[PDB]
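The lines below spell out each chain.
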Amino acid sequence: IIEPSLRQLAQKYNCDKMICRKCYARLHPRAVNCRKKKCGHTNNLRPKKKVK
Amino acid sequence: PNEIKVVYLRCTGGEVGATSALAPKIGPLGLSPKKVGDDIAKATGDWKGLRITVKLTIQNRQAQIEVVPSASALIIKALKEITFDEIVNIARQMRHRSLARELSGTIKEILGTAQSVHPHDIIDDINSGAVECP
Amino acid sequence: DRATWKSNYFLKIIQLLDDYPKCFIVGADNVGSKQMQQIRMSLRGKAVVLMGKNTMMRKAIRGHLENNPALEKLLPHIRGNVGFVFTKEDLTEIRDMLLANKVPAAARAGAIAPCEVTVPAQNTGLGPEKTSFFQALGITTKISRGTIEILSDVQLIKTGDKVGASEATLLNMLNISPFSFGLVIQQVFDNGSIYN
Amino acid sequence: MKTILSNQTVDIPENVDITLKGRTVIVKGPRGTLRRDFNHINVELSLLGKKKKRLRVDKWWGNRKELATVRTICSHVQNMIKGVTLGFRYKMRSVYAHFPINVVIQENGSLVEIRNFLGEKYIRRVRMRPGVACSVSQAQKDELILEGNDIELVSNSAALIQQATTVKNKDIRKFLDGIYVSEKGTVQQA
RNA sequence: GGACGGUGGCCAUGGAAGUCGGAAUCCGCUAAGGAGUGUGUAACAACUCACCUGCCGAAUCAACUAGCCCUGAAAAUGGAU
Ligand SMILES: [Mg+2]
Ligand SMILES: [Zn+2]
């Protein structure tokens, strides 16, 4: 019964994020290169999949 | 509120449809027309035009009056069984003709390319019926 | 085409200021195309108003102003969202008409209110189901004839404040006139003179 | 390439004064006192304003890596000035699906108890940083207010609360429970 | 802030309205309109996008290229510039 305005805030910290394809890190949605060393700061980033 | 609001547009035509049309799918919106309200609109809305017929209606509680916005890409198929500058001269003046326009030749320069579905050479250098509209 | 756009814009504005040496400047608010088309429909019979890049108008009058002298005072007088409106008539002709046909475009979330508007005590006239706006804002409205009714002199908005969410959403449905604004005139320039 | 000088000057309001000892900044304002040193960054600190208190930081012969620290310090000083005159107020909203989150504030607002997160009997005891005051607001149904002088401590304290309420071995996209920061406001709204 | 009429464009039809697709791309208005870059809706709708304007007053952006470094880079007794 979560009303949408609070629902959007929760999804900000849980769904609105980019994912590195090589090391599965969690990145801010506006990122361009992964911040993690072990993936070599690659650029292959995909949006985090939704629940739909 | 004029006792009613039926401003929403209807897009049925050609075959009568009735039961198989979209009107039963839109019926629970207002609860006033039901089977006896859309059919009397269909009785006058069967023609003008015999196409998808994006049209508007005004309700008189029990009765209705229907006016069809003369869509340019609809009336071309409605008149389809070339310039045809004569048929665009008459049927488009009764259109509300807002178009965010300022000049007179807006209608001819608009529909002359809306009929492309090329009639653009007539658009570029047009000289017959320059002051035809007023 | 951008360079030709710049050259064309100088040409039209310089054949319009030379046409109208009596030149007025006006500061437009964050207004939509309807109100630009409103002044266009209300003035195109004898004049025209245009919008463009602010630096462009200064460059059109920086070295190319020399066609007619005594116009040089316009450089330090054009700042902010202001332009040039050209007309042939006297000082009082355009000021009263342009400041009278102000479109009440309602209050957006985050609008300034220099004008004081106070809600009176009257019957609102809408349904008895949206009392949550009045109860949360501090106004006690009692149901009379199934209608919301303001029963007391209550403040609505101060001077020099910012409209809130609950302050604006009730303002839209209440059908009460809010603060108005529009194409407010800055000043004039009557061939080498500046007046209020 | 080594840039000769990359300076950046901040402005100090007259109601607050700054005294510099080496690379240690002492900020003394109406809402309290803030000290933070910058010995780890090789910069030159100068006070320009005997009249309006302009503070200037300088870096001589730096590479692209270390010119970034110049404004990093400047933002830190602006945060210090902001804290000692306005203070940082963080609003956290507790969101839940079936198990309502119960929050109890302990002594002086320095300790927070979370009782029924996701309906588990474990009791979470998160301790705030010193100088950070937390409280349950009266403004809304579910709001926690964190007020303190340093944005460093306050945001760290708030993030500790948020990270504590973390769902485990579940689909975090569907299970939306947890206390999340809503906005980063100020106090006294000046 | 605007994202205009044909335009719910044609043909696919059981919806494909700008966004599933086979193809053509136009103007009166303007600083704005792309019959639509995307999400999304059975479809609507809802935005946003490209397009400029208002403050904002000095350099910025893109594609490359090769030096160092990083990732790519996992084996068994504890050890090798
Ligand atoms: Mg599982
Ligand atoms: Zn990575």
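This report concerns the structure included in the present document.

The next subject is the sheet that holds strand β13 (residues 132–136) of chain D. Strands sit in the order β13-β14-β9-β15 (chain D) across an open sheet of four strands; the sheet is antiparallel. With partners counted over all chains shown, the strands left at the sheet margins are β13 and β15 (178–186) of chain D, one partner each. Here the strands of the sheet are splayed against their neighbours by 25 degrees on average, with no regard to which way each runs. Of the strands in this sheet, β9 (88–95) and β15 of chain D touch helix α1 (residues 4–14) of chain A, which is tilted by about 100 degrees from β15(D). Where helix α2 (residues 151–164) of chain D meets the sheet, it contacts β9, β13, β14 (144–148) and β15 of chain D, and its direction lies at approximately 5 degrees from that of β9(D).

This part covers the arrangement of the chains. Looking at the two pairs of chains with contacts, the pair that accumulates the most is chains A and D. In this structure chain A stays clear of chain B, and the shortest span between their C-alpha atoms is 26 Å. Here chain B and chain D are not in contact; the least distance found between their C-alpha atoms is 33 Å.

What follows is about the side chain of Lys42(B). All names here are of chain B. Examined against the element boundaries, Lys42 turns out to sit in helix α2 (residues 34–45). Among the residues examined, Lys42 registers a relative accessible area of 6% and is labelled buried. For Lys42, the residues in contact, after removing those within four places along its chain, are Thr12, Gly13, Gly14, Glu15 and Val16.

Before going further, it helps to examine the interface of chain D and chain A. Facing the 13 residues of chain D at the interface are 14 residues of chain A. When chain D packs against chain A, the two sides together hide about 1,300 Å² of surface, and 69% of this comes from carbon and sulfur. A per-residue breakdown of the area chain D buries against chain A is headed by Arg173(D), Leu176(D) and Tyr180(D), which together make up 48% of the total. For the interface between chain D and chain A, the tally reads zero salt bridges. Taken together, the connections running from chain D to chain A amount to three residue pairs in polar contact. Looking at the side of chain D that touches chain A, the elements that each hand over two or more residues are β9 and β15 of chain D.

Reading guide: rules and limits
Residues numbered from 1 in each chain as written, not as in the entry; some residues may be left out. Chains lettered and ligands numbered in written order. Part of a larger assembly, values for the part shown. Heavy atoms only, no water. Residues with missing side-chain atoms left out of burial classes, pairs and counts. Pairing = 2+ DSSP bridges. Helix = DSSP H or I, 4+ residues; strand = E, 2+ residues; numbered from the N terminus. Axes fitted to C-alpha atoms, helices over the stretch in contact; angles between N-to-C directions. Contact = heavy atoms within 4.5 Å. Buried < 20%, exposed > 50% of the residue type's maximum accessible area, 1.4 Å probe, protein only. Buried area = accessible area lost by both parts, 1.4 Å probe. Salt bridge = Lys/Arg side-chain N within 4 Å of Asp/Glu carboxyl O. Polar contact = N/O pair within 3.5 Å; in protein donor to acceptor, adjacent residues only side chain to side chain.

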